[PDB]
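J.: Let me give you the structure first, and then I'll get to my questions.
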Amino acid sequence: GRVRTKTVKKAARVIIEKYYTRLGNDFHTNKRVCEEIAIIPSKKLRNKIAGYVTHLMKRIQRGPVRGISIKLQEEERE
Amino acid sequence: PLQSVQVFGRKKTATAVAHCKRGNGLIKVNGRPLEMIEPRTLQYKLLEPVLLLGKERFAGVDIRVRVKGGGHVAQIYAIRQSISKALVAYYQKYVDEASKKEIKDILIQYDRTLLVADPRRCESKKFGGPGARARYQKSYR
Amino acid sequence: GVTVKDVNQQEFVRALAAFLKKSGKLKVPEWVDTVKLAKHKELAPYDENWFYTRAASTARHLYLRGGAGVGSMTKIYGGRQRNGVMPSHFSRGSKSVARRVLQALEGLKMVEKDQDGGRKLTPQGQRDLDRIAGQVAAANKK
Amino acid sequence: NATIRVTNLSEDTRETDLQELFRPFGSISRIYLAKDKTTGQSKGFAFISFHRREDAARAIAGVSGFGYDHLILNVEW
Amino acid sequence: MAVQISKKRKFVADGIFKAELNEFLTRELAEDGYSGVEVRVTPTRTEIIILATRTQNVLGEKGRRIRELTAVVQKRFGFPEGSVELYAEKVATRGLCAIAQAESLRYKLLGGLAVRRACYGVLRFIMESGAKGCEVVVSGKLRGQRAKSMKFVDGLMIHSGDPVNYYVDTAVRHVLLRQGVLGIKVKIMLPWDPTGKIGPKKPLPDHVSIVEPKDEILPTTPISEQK
Amino acid sequence: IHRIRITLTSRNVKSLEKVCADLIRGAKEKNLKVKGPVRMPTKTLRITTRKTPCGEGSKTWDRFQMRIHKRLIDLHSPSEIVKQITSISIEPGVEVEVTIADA
Amino acid sequence: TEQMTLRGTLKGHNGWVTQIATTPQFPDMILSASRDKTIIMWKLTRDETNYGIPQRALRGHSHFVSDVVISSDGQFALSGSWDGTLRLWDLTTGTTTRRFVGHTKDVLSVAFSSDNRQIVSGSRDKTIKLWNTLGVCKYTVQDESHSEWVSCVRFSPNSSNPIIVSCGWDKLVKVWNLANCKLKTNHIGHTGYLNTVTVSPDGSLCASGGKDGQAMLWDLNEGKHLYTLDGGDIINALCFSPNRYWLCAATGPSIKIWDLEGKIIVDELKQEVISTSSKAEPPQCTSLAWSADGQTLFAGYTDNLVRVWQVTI
RNA sequence: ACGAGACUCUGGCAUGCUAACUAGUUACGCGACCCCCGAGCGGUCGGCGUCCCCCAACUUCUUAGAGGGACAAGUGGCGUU
RNA sequence: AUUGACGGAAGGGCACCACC
Ligand SMILES: [Mg+2]
Ligand SMILES: [Mg+2]
Ligand SMILES: [Mg+2]
Ligand SMILES: [Mg+2]
Ligand SMILES: [Mg+2]
């Protein structure tokens, strides 16, 4: 199916909004960060959340995605 | 003088462990030669590593396989995989990595199963039919 | 040098049977012509000299995995039984054929009684089987 | 402030046995046996102040469980 | 010694002993608020720990009933004399115990009380005792001579998966009445609490909990202290 | 001095492994040659019944099972020292069986 | 006229190249640590067909290898991994001798002393712990350590004030006094997590870099701050140069070489254009190493390659 | 919010960790048999032993614990990007 | 006028207890 559910997406979004300064586009370092900063009860949910976090950080670079509010708004002086 | 490696190979429930040491070109499975293993229809499956790599690549080693588990065909696929993996691991550990790369490319290009195990196993029967997926015949009227 | 493992077993058994039949020292029971070799057979063996072949086969089966008895010998020679309209099942071989064969081999000085229990191969049995294996391996390469 | 709430006490239990029970940990200051009004036995509660807040903090993990007079007693702050 | 038995049969026999002892105590100490039993093996004695709400009636009159229970347990299960002591202990919180609350609802129904006020009272007590959710289902001949089932829910109640084995405790009981037998199902969803006896330790497996970031005042110009 | 063998049996892995850890740690503190935890194959006891009490339905079955785990510890020490290595807060679902070099 | 060129690649990996190491004893052999859980000991056959060939692989760890370093004599390697262990490889056999097993979490970096008597590591459990060449954890610092991970811990090859320089994800560079394992100077400048720390060959300077894209030079004699240079992207690794007064850094997909006398970029090594469709970021350089002669720059990468930059004149 | 998903058990991987005479492997010694010119770091052995504590080590195979590992993560293409 | 069920209505989707 490969369709991530609401728990994965909502958790990923809150993780990004609170810890944007510590996530790159690297699934393994993201996985380690999300296992340090969150309390995820399993390892499959940890991996799915880190995967969606990686996929979203690969979209933050190409414009503000609808749903995430971060400090990146300030640097848009234009 | 301790130049020896023990590597395994698995097909379904079979498991063959090949022991490869320094020696003079001898291959024996369960004490029997390689050309006397029982399903002599599938003899070329057993001979496939030696026929792809030649004899000079085997003429400096002593290989002795010990196979246990599974059926006849699964046992000879385990023998195949264990001989190939044993030669590859011996080459990697004891001569050079270029040679390992060359023989691993020849074997992998011919057939992946000589170095990667087949992950299929039997499924569990369920309580509706004779096997895993089949079901007993249903009747109306 | 050749050993029993380093030769085709199906031809080694024929060579050993011809050896046993040649040297007239194997004891044959009087009922050889009138018996089935198990309760799951349908007829008697098609080979008149079946006793020598069975003795050679169990001599080979005692060279490797020695330490056996009549029970394991009738689970070696057991097969499938077709029960008419009912499904088939594994059934063991006849015990008297196995016991007479092992006792005949014991009379040939080839087989002896193990210490823990069962039967194994004397050094003379090893020597005779290895010499027969040498003969068949030599006669294969000509 | 040396607060001990003994619970699951027995009807036989009086001030003296609780005294002799907590005596191997030291001296006491105030026993409180939650007696029944107009009826002479406990209601299942005891309030103990041990005159020092440290040895009572040792005895809470000591007299826990213990099955006194066929009743396992739960002690707490 | 002369008695030796395979580990399979021994473990099954131990489980069967615990099941029969729990069934006996459930029938015997029903109206005393019996919740569970725990058999603790010690070198000198065998301790049967009875979990009850009203442990003073379990103890009896000056220890009489606990002595009788000890005597029948010894005489039925064939323990050596004096080798089995029965202790009683009070369950910590009564609201988060489906067996105690099912028994409470049972005895409230045995006395003359209406089924709806009784279920609402039990449900309200369970919810006021810290439960995340509760479900009480009473099925039987409630209105007339055509049976129906009335359920009363308040809060969260999970049903499927593995968490329903440690976050939910259930209890089924019967109430014999003049016109028939009533069935009482009570199930309570315990609250999460780390390092506590109130409920489970491990959280729900789909409850991610992000820790709040510390306030990060940033630096302006590099500075270094030589301590 | 004997070859004392402690066998621990349980139905859950957690308490069994923690009791094994306690025994090994206590034995290592008092300088014993401890041949550590040997793990015997877990026995799975399986009973498959019909779900229904009557004989009507869709013929569905219920697969109950119970695992039994076994651990071994080998000590080489006098008896009175193992009498204090053990007897330290054994968990409920664990059962020990000391064998003092003889039946 | 002193720019560099691309002299060839070193294929043969199956993961990112997390660290590269050299040694002044054997100028024909480099070590590369990767994310295919293997370390490769190369043989530099500088010919037309291939610059280098994988001579021998080391296959100990069960996770990514995150650091590696060669001893002074060039005989024993030391590797750290994400499985939480350290291994002291013997290069001749290709097998390990000692396995350090103290660290609970992933070991980000390992270092050796100048005389290889004591070693130090750093990890994701926010501890910096010393060891010795026999295998026992000597002293684990815990007081006033990093509040987050440690990502690069190095020694200082200089007799006077033997110190341990370290940096982590709490945006702090800490200078440890090795004789008493006590903290000595705390540097507070950086505004993002630190991925690397380096010490000058002449034991006077130190460099640090990370997420903020800027590289800060700290004096190691008085704990001051000389200046700060700016790279384009995330600084994944820094590496000083032995022969020349240069500092190299791996900024995103390019490699910037800052001089340290005029403070200008002498060269910005860029990889060639591949995947012409503008749909994916280029592979990022992850590690840097200088040969002892200082005429060769080995650069790890994210497309499982190791590129070889040769300086010209 | 319940259900789905997550969860639990199971299958596949680890020459990395923890260990094992109630599982073995490999060396070594003894023994039997075969060739031989004189043959052998020769071959076969589910024959024996190294559990009298070194007078052998080790965990690849076996067992089962803890972790790791897979996420549509990487590269193209489609898709409202 | 609303909720359900039904239509020998009209459109979509799903399933080897449906088909190809
Ligand atoms: Mg079938
Ligand atoms: Mg048969
Ligand atoms: Mg749910
Ligand atoms: Mg589900
Ligand atoms: Mg059809």
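Chain G is numbered as in Swiss-Prot; shown residues: 2-314, in order.
For this deposited structure, the header notes the method as electron microscopy, 3.1 Å.
Note that Cβ sites are derived from N, Cα and C of the backbone, with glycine treated the same way.
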J.: In Swiss-Prot, which of these is labelled phosphothreonine: G:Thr128, G:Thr186, G:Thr192, G:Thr277?
T.: G:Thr277
J.: Scan G:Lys130, G:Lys139, G:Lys271 for the residue that Swiss-Prot records as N6-acetyllysine.
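T.: Comparing G:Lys130, G:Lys139, G:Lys271 with the record, Swiss-Prot tags G:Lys130 as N6-acetyllysine.
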J.: Based on the annotations in Swiss-Prot, which residue of G:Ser122, G:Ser146, G:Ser276 is described as phosphoserine?
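T.: Swiss-Prot annotates phosphoserine at G:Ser276; the rest carry no such entry.
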J.: I need the CA-to-CA distance for G:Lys183 (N6-acetyllysine) versus G:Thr6 (phosphothreonine), whole Å please.
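T.: About 44 Å separate the Cα atoms of these two residues.
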J.: Per 10 Å Cβ neighbour count, which of the modified residues G:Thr2, G:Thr6, G:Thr10, G:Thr96 ranks highest?
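T.: That would be G:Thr10, with the highest Cβ count within 10 Å.
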J.: List only the single closest residue to G:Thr10 (phosphothreonine), chosen from the modified residues G:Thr2, G:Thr96, G:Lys130, G:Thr277 by CA-CA distance.
T.: G:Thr277
J.: Do any residues of this chain, six or more beyond the ends of the repeat 'WD 7' (G:281-311), have a C-beta under 8 angstroms from a C-beta of it, and if so which?
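T.: For the repeat 'WD 7' (G:281-311), the list is 5-12, 14-25, 28, 31, 33, 35, 37, 52-53, 234-235, 237-245, 249-256, 270, 272.
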J.: Please identify, among the modified residues G:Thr96, G:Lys130, G:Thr277, the one with the smallest Cα-Cα distance to G:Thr2 (N-acetylthreonine).
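T.: Of the modified residues G:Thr96, G:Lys130, G:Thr277, G:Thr277 has its Cα closest to that of G:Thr2 (N-acetylthreonine).
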J.: Give the nonlocal contacts of the repeat 'WD 5' (G:190-220) in its own chain as ranges (CB under 8 Å, at least six residues past its ends).
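T.: Hits for the repeat 'WD 5' (G:190-220): 149, 152-159, 161, 166-174, 226-243, 248, 250, 252, 259, 261.
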J.: Near G:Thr277 (phosphothreonine), which residues of its own chain have a C-beta under 8 A away, given they sit six or more steps off in sequence?
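T.: Correct list: empty, so none.
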J.: Determine the Cβ neighbour count for G:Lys183 (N6-acetyllysine): the number of other Cβ atoms within 10 Å of its Cβ.
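T.: There are 12 such Cβ atoms around G:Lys183 (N6-acetyllysine).
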J.: Which residue counts does DSSP yield for the repeat 'WD 6' (G:231-260) in the helix, strand and coil classes, in that order?
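T.: Summed by class, the stretch gives 0 helix, 19 strand, 11 coil.
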